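**Q** My questions will all concern the structure given below.
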Amino acid sequence: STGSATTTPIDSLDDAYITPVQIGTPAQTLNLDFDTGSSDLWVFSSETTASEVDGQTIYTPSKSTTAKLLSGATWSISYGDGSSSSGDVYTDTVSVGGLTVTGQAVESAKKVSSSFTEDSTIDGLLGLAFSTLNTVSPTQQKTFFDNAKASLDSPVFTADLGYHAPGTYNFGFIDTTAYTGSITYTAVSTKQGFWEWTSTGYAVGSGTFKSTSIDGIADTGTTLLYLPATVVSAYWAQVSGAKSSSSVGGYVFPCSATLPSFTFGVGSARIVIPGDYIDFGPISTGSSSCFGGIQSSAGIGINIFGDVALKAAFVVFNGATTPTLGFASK
């Protein structure tokens, strides 16, 4: 089997991408944030505290003839940005782009943190990291991809995120028309539960490539590119007037600037992020200070190849017995 679904930016900045997911019988379609940095499929629901729902579409398990309460199971998650959610668990039929999994754990939120409530466009998350990170207790549950894998034509999914435009998540096949050149594959460590890999270096604009190992994660659920402070300083030094602002929370730059590209290495291959992809717009409405799309990871503990980096590539998440990642230009 295969599946193919379009993923759409939630706003004009590409802050996140939403993908329609069918849950239950009859189908209830919710728009979920596919997140290769986490491993829970959780949704706003008829059980979510009413004051914490503000415009999201909810899953109502009592209206699904295939929903079954997973007795005794609870979940609770906290994300790298400080947001969180928790609740109970159903199993139900879940379909993405024509690919159907029966008995998928659907984690129904009883509580969500304010940042979720305040974002009316995201109805929940669909985790695509390794199932070892799933938070369901006392019986950990499998991700949608883990449940589908054995049925897929090939045990892979691909992320093709658009810049200021829709893109595609495919399951079970590699669309050879969706990229240019060849796909360069690189090793993955699953020791932390992430799609963790090592970039071979970087360049700023037309500058020389610096060969240096940068360990990080491929994370579709993170907006920006978070890299070591040395790398980030080298980038922003090429933008007149750019500076790190403690009060804003990162590097800012004059909105009048033209940003240089940023290149990262995948083995001997190179992925070029155009400068425009690094502009996240005014820090507040009407400001002439703009927020940068490349930020320091120093306070995170891990480097993160988020959407800024991934949307410059066609990315293969190869879930074979020994997982690997693939990157192609497009």
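Note on naming: chains are A, B, ... as they come in the structure tokens, residues start from 1 per chain, ligands start from 1 in the order shown.
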Report as a list in words all protein, DNA and RNA residues lying within 7 Å of residue 217 of chain A, evaluated on only C-alpha atoms, omitting residues in the same chain fewer than 2 positions from it.
**A**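 The neighbour list is residues 194, 195, 196, 197, 219, 303, 304 and 305 of chain A.
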**Q** Those same residues - C-alpha atoms - I'd like them written as a short mmCIF file (atom, residue, chain, number, x, y, z; two decimals), in the first residue's frame.
**A**
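Saved file result-v5.cif follows:
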data_model
loop_
_atom_site.label_atom_id
_atom_site.label_comp_id
_atom_site.auth_asym_id
_atom_site.auth_seq_id
_atom_site.Cartn_x
_atom_site.Cartn_y
_atom_site.Cartn_z
CA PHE A 194 14.79 10.88 16.82
CA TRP A 195 15.79 10.90 13.16
CA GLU A 196 19.27 11.95 14.29
CA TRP A 197 22.03 12.36 11.73
CA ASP A 219 12.23 17.63 12.75
CA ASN A 303 20.71 20.83 16.92
CA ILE A 304 17.44 20.83 14.99
CA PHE A 305 17.03 20.73 11.21
#
**Q** Using only C-alpha atoms, determine which residues lie at most 9 Å from residue 306 of chain A, disregarding the query and same-chain residues fewer than 4 positions distant; provide the list as an NGL selection string.
**A** :A and (217-226 or 310-311)
**Q** Just to be explicit: take each residue in the selection above, keep N, CA and C atoms, and write the result as a PDB file, in the first residue's frame.
**A**
ATOM      1  N   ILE A 217      18.782  16.671  14.484  1.00  0.00           N
ATOM      2  CA  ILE A 217      17.603  15.873  14.173  1.00  0.00           C
ATOM      3  C   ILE A 217      16.827  16.503  13.027  1.00  0.00           C
ATOM      4  N   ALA A 218      16.254  15.655  12.185  1.00  0.00           N
ATOM      5  CA  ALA A 218      15.334  16.099  11.146  1.00  0.00           C
ATOM      6  C   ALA A 218      13.945  16.175  11.762  1.00  0.00           C
ATOM      7  N   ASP A 219      13.426  17.397  11.945  1.00  0.00           N
ATOM      8  CA  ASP A 219      12.225  17.630  12.751  1.00  0.00           C
ATOM      9  C   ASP A 219      11.221  18.516  12.018  1.00  0.00           C
ATOM     10  N   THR A 220      10.240  17.883  11.376  1.00  0.00           N
ATOM     11  CA  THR A 220       9.220  18.633  10.653  1.00  0.00           C
ATOM     12  C   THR A 220       8.327  19.458  11.568  1.00  0.00           C
ATOM     13  N   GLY A 221       8.276  19.139  12.850  1.00  0.00           N
ATOM     14  CA  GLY A 221       7.464  19.861  13.803  1.00  0.00           C
ATOM     15  C   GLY A 221       8.115  21.075  14.418  1.00  0.00           C
ATOM     16  N   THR A 222       9.337  21.407  14.018  1.00  0.00           N
ATOM     17  CA  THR A 222      10.021  22.605  14.482  1.00  0.00           C
ATOM     18  C   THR A 222      10.133  23.559  13.298  1.00  0.00           C
ATOM     19  N   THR A 223       9.793  24.833  13.516  1.00  0.00           N
ATOM     20  CA  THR A 223       9.750  25.788  12.412  1.00  0.00           C
ATOM     21  C   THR A 223      11.141  26.112  11.878  1.00  0.00           C
ATOM     22  N   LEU A 224      12.071  26.406  12.778  1.00  0.00           N
ATOM     23  CA  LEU A 224      13.339  27.030  12.436  1.00  0.00           C
ATOM     24  C   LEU A 224      14.488  26.024  12.404  1.00  0.00           C
ATOM     25  N   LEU A 225      15.648  26.531  11.986  1.00  0.00           N
ATOM     26  CA  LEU A 225      16.900  25.792  11.943  1.00  0.00           C
ATOM     27  C   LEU A 225      17.739  26.226  13.137  1.00  0.00           C
ATOM     28  N   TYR A 226      18.005  25.292  14.052  1.00  0.00           N
ATOM     29  CA  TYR A 226      18.752  25.559  15.275  1.00  0.00           C
ATOM     30  C   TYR A 226      20.105  24.871  15.191  1.00  0.00           C
ATOM     31  N   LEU A 310      14.421  21.677   6.095  1.00  0.00           N
ATOM     32  CA  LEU A 310      13.807  20.561   5.389  1.00  0.00           C
ATOM     33  C   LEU A 310      13.052  21.012   4.148  1.00  0.00           C
ATOM     34  N   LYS A 311      12.463  22.209   4.163  1.00  0.00           N
ATOM     35  CA  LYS A 311      11.680  22.611   3.001  1.00  0.00           C
ATOM     36  C   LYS A 311      12.555  22.959   1.804  1.00  0.00           C
TER      37      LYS A 311
END
**Q** Within 10 Å of residue 53 of chain A, counting only C-alpha atoms, which residues show up once you throw out same-chain ones fewer than 6 positions away? Write them as a ChimeraX atom specification, please.
**A** /A:44-46,111-112,114,116-120,123
**Q** Taking 3 positions as the minimum chain separation for residues in the same chain, which residues sit within 10 Å of residue 160 of chain A when counting only C-alpha atoms? Answer as JSON, numbers by chain.
**A** {"A": [6, 7, 163, 166, 167, 168, 169, 170, 178, 179, 310, 311, 312, 313, 314, 315, 316, 330]}
**Q** Hey, can you spit out that residue selection with N, CA, C and O atoms as a PDB file, in the first residue's frame?
**A**
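Output file again-v4.pdb follows:
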ATOM      1  N   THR A   6      -1.437  16.076   0.781  1.00  0.00           N
ATOM      2  CA  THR A   6      -0.897  17.419   0.702  1.00  0.00           C
ATOM      3  C   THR A   6      -0.812  18.024   2.090  1.00  0.00           C
ATOM      4  O   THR A   6      -1.722  17.864   2.908  1.00  0.00           O
ATOM      5  N   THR A   7       0.286  18.731   2.345  1.00  0.00           N
ATOM      6  CA  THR A   7       0.505  19.456   3.585  1.00  0.00           C
ATOM      7  C   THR A   7       0.565  20.944   3.264  1.00  0.00           C
ATOM      8  O   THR A   7       1.173  21.348   2.269  1.00  0.00           O
ATOM      9  N   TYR A 163       7.886  26.076   0.279  1.00  0.00           N
ATOM     10  CA  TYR A 163       8.169  27.433   0.736  1.00  0.00           C
ATOM     11  C   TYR A 163       6.991  28.303   0.335  1.00  0.00           C
ATOM     12  O   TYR A 163       6.730  28.506  -0.858  1.00  0.00           O
ATOM     13  N   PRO A 166       1.908  24.819  -0.562  1.00  0.00           N
ATOM     14  CA  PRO A 166       1.698  23.440  -0.111  1.00  0.00           C
ATOM     15  C   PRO A 166       2.798  22.507  -0.603  1.00  0.00           C
ATOM     16  O   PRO A 166       3.537  22.788  -1.550  1.00  0.00           O
ATOM     17  N   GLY A 167       2.894  21.375   0.077  1.00  0.00           N
ATOM     18  CA  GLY A 167       3.807  20.305  -0.262  1.00  0.00           C
ATOM     19  C   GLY A 167       3.139  18.971  -0.036  1.00  0.00           C
ATOM     20  O   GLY A 167       1.910  18.890  -0.024  1.00  0.00           O
ATOM     21  N   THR A 168       3.932  17.920   0.157  1.00  0.00           N
ATOM     22  CA  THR A 168       3.414  16.562   0.154  1.00  0.00           C
ATOM     23  C   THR A 168       4.129  15.692   1.173  1.00  0.00           C
ATOM     24  O   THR A 168       5.356  15.723   1.270  1.00  0.00           O
ATOM     25  N   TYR A 169       3.349  14.870   1.880  1.00  0.00           N
ATOM     26  CA  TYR A 169       3.845  13.707   2.615  1.00  0.00           C
ATOM     27  C   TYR A 169       3.405  12.455   1.873  1.00  0.00           C
ATOM     28  O   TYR A 169       2.208  12.248   1.663  1.00  0.00           O
ATOM     29  N   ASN A 170       4.370  11.619   1.496  1.00  0.00           N
ATOM     30  CA  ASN A 170       4.089  10.326   0.883  1.00  0.00           C
ATOM     31  C   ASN A 170       4.517   9.205   1.814  1.00  0.00           C
ATOM     32  O   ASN A 170       5.511   9.312   2.532  1.00  0.00           O
ATOM     33  N   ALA A 178       9.761  14.218  -7.923  1.00  0.00           N
ATOM     34  CA  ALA A 178       9.618  15.293  -6.953  1.00  0.00           C
ATOM     35  C   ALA A 178      10.937  15.947  -6.566  1.00  0.00           C
ATOM     36  O   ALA A 178      10.937  16.854  -5.727  1.00  0.00           O
ATOM     37  N   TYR A 179      12.056  15.522  -7.140  1.00  0.00           N
ATOM     38  CA  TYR A 179      13.348  16.075  -6.770  1.00  0.00           C
ATOM     39  C   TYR A 179      14.235  16.090  -8.002  1.00  0.00           C
ATOM     40  O   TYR A 179      13.945  15.440  -9.006  1.00  0.00           O
ATOM     41  N   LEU A 310      14.421  21.677   6.095  1.00  0.00           N
ATOM     42  CA  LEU A 310      13.807  20.561   5.389  1.00  0.00           C
ATOM     43  C   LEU A 310      13.052  21.012   4.148  1.00  0.00           C
ATOM     44  O   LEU A 310      13.014  20.277   3.160  1.00  0.00           O
ATOM     45  N   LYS A 311      12.463  22.209   4.163  1.00  0.00           N
ATOM     46  CA  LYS A 311      11.680  22.611   3.001  1.00  0.00           C
ATOM     47  C   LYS A 311      12.555  22.959   1.804  1.00  0.00           C
ATOM     48  O   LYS A 311      12.028  23.098   0.700  1.00  0.00           O
ATOM     49  N   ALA A 312      13.870  23.070   1.984  1.00  0.00           N
ATOM     50  CA  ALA A 312      14.789  23.215   0.868  1.00  0.00           C
ATOM     51  C   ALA A 312      15.127  21.883   0.216  1.00  0.00           C
ATOM     52  O   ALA A 312      15.880  21.869  -0.756  1.00  0.00           O
ATOM     53  N   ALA A 313      14.585  20.775   0.711  1.00  0.00           N
ATOM     54  CA  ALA A 313      14.964  19.455   0.233  1.00  0.00           C
ATOM     55  C   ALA A 313      13.739  18.568   0.067  1.00  0.00           C
ATOM     56  O   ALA A 313      12.664  18.824   0.608  1.00  0.00           O
ATOM     57  N   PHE A 314      13.937  17.493  -0.686  1.00  0.00           N
ATOM     58  CA  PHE A 314      13.080  16.316  -0.652  1.00  0.00           C
ATOM     59  C   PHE A 314      13.732  15.346   0.318  1.00  0.00           C
ATOM     60  O   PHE A 314      14.903  14.991   0.143  1.00  0.00           O
ATOM     61  N   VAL A 315      13.006  14.970   1.369  1.00  0.00           N
ATOM     62  CA  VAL A 315      13.590  14.233   2.485  1.00  0.00           C
ATOM     63  C   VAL A 315      12.940  12.864   2.601  1.00  0.00           C
ATOM     64  O   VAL A 315      11.720  12.751   2.722  1.00  0.00           O
ATOM     65  N   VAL A 316      13.772  11.826   2.587  1.00  0.00           N
ATOM     66  CA  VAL A 316      13.348  10.441   2.744  1.00  0.00           C
ATOM     67  C   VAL A 316      13.635   9.979   4.164  1.00  0.00           C
ATOM     68  O   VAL A 316      14.789   9.974   4.609  1.00  0.00           O
ATOM     69  N   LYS A 330      15.597  20.031  -4.937  1.00  0.00           N
ATOM     70  CA  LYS A 330      14.341  19.981  -5.674  1.00  0.00           C
ATOM     71  C   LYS A 330      14.037  21.297  -6.352  1.00  0.00           C
ATOM     72  O   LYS A 330      14.810  22.245  -6.231  1.00  0.00           O
TER      73      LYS A 330
END
**Q** Write out as a list in words which residues come within 7 Å of segment 204-206 of chain A when counting only C-alpha atoms, dropping same-chain ones fewer than 5 positions away.
**A**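 Within the cut-off, the hits are residues 235, 260, 261, 262 and 263 of chain A.
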**Q** Might you pull out every residue within 12 Å of residue 65 of chain A, with only C-alpha atoms counted and same-chain residues fewer than 5 positions away left off, and present them as a list in words?
**A**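 Final neighbour list, sorted by chain and number: residues 23, 24, 25, 26, 27, 28, 60, 90, 91, 92 and 93 of chain A.
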**Q** How about saving the chosen residues, C-alpha atoms kept, as a PDB file, in the first residue's frame?
**A**
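Written output follows (result37.pdb):
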ATOM      1  CA  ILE A  23     -10.177   9.380  12.029  1.00  0.00           C
ATOM      2  CA  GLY A  24     -13.017   7.013  12.837  1.00  0.00           C
ATOM      3  CA  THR A  25     -16.145   5.736  11.132  1.00  0.00           C
ATOM      4  CA  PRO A  26     -17.700   7.725   9.562  1.00  0.00           C
ATOM      5  CA  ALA A  27     -14.509   9.675   9.005  1.00  0.00           C
ATOM      6  CA  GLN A  28     -13.821  12.759  11.089  1.00  0.00           C
ATOM      7  CA  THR A  60     -15.677  12.854  19.082  1.00  0.00           C
ATOM      8  CA  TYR A  90      -8.792   5.401  22.071  1.00  0.00           C
ATOM      9  CA  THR A  91      -7.978   3.029  19.280  1.00  0.00           C
ATOM     10  CA  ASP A  92      -9.628   3.813  15.957  1.00  0.00           C
ATOM     11  CA  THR A  93      -9.156   3.675  12.212  1.00  0.00           C
TER      12      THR A  93
END
**Q** Taking only segment 56-267 of chain A into account, list the residues labelled alpha helix (DSSP H) by DSSP (computed from the backbone), as a list in words.
**A** residues 114, 115, 116, 117, 144, 145, 146, 147, 148, 229, 230, 231, 232, 233, 234, 235 and 236 of chain A
**Q** Could you pull the residues within 10 Å of residue 138 of chain A, counting only C-alpha atoms, minus those fewer than 3 positions along the same chain, as a list in words?
**A** residues 72, 73, 74, 75, 135 and 141 of chain A
**Q** Just the strand (DSSP E or B) stuff from segment 118-228 of chain A, please, per backbone DSSP, written as a PyMOL selection string.
**A** chain A and resi 124-127+137+156-160+167-171+184-187+189+196-204+210-218+225-227
**Q** Kindly give the distance, in Å, that separates atom CA of residue 103 of chain A and atom CA of residue 68 of chain A, rounded to a single decimal.
**A**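 Taking atom CA of residue 103 of chain A and atom CA of residue 68 of chain A, their separation equals 8.7 Å.
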**Q** One number please: atom CA of residue 200 of chain A to atom CA of residue 268 of chain A, in Å, one decimal.
**A** 7.6 Å
**Q** Have a look at atom CA of residue 254 of chain A and atom CA of residue 293 of chain A and let me know their distance in Å, one decimal.
**A**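 Spanning atom CA of residue 254 of chain A to atom CA of residue 293 of chain A is a straight-line distance of 13.3 Å.
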